[PDB]
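Shown below, as structure tokens, is a lone chain in the form deposited without open form - penicillin G (PNM); questions about how it binds or moves come after it.
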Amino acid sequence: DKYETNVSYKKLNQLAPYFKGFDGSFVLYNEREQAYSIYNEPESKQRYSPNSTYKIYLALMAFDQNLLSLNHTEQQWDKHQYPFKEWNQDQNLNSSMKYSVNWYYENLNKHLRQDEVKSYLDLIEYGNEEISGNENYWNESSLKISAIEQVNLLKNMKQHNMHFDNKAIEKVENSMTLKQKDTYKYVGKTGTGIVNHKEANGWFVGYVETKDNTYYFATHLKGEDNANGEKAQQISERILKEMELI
């Protein structure tokens, strides 16, 4: 399950303590310096199920297929009771992304033919592009992507290299904007994969756009348990704060 790249990078092996209890990776790409920095290069290349981090691209696909459009991202909650209060309400793109509302994205994916998805995954080079698995191929199933690739895709998205409309990209960015300050925009998305009732796969990917640069990042956690997006985000924030990016 490995992404093969010979790209150079600055090693961040001193970030190891942040990853206590996990086989984790942190990948940073500094846009201005066109430079990667990586903690745990081997793990950086290992592809894992994206879980909710896939929602970023599923949203883009949905825009591209006009499932979503300007002033047209709402979905009404059918009153089905989910485990998370935030899912138990009407949604728009922002809320569905912030709260990782699976049903909203399942509803969008329903209108995407398998071949359309495959086409998009090819265009955006989404990891192994394998979607044979479950209907929810993005959730602890066949589709897997590495931390470095998560960064590459964010970068290609943000730089508008992807063949998605820029306004769609801006909408998706907004939907994953965690903090907007004068000094930076902090964008990120969690994912968590559960196997055997354990959190075994945690993601937090995003970027910090400052007044002069953009720092794309992906943190992955693998562990027997507790490897979840929340912890991945906590760790990411610790690192980004140590780096004085947020």
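Each residue number is its position in the shown sequence, starting from 1.
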*Once you work out the mean C-alpha B-factor for both 67 to 75 and 128 to 136 from the entry, which is higher?*
128 to 136
*For the C-alpha atoms alone, is the average B factor greater in 173 to 181 or in 27 to 35, going by the entry?*
173 to 181
*Please pick out which of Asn92, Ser146, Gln159, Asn152 has the largest Cα B-factor as recorded in the entry.*
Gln159
*Assigned third (lowest, middle, highest) for the C-alpha B factor of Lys222*: middle
*Against its chain's modelled residues, does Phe84's Cα B factor rank lowest, middle or highest third?*
highest
_Ranking every modelled residue in this chain by its Cα temperature factor as given in the entry, which third contains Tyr104?_
lowest
_Assigned third (lowest, middle, highest) for the C-alpha B factor of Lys231_ = middle
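Form solved in complex with open form - penicillin G (PNM): not shown, discussed below.
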*Let me know the one among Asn109, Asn102, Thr73, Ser175 whose heavy atoms come within 4.5 Å of open form - penicillin G (PNM) in the deposited bound form, would you?*
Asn102
*Which one, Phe164, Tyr120, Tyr137, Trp87, lies within 4.5 Å of open form - penicillin G (PNM) in the deposited bound form by heavy atoms?*
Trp87
*With heavy atoms only and a cut-off of 4.5 Å, decide whether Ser37 touches open form - penicillin G (PNM) in the deposited bound form.*
no
*Counting only non-hydrogen atoms and a 4.5 angstroms cut-off, does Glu199 reach open form - penicillin G (PNM) in the deposited bound form?*
yes
_I'd like to know whether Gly191 contacts open form - penicillin G (PNM) in the deposited bound form, with contact meaning heavy atoms within 4.5 angstroms._
yes
*Within a 4.5 Å heavy atom cut-off, is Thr214 in contact with open form - penicillin G (PNM) in the deposited bound form?*
no
*With open form - penicillin G (PNM) left out here, work out from 74 to 82, 94 to 102, 167 to 175, 147 to 155 which stretch has heavy atoms within 4.5 Å of it in the deposited bound form.*
94 to 102
*Let me know which residues along 223 to 243 have a heavy atom within 4.5 Å of open form - penicillin G (PNM) in the deposited bound form, or say none if there are none.*
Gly229
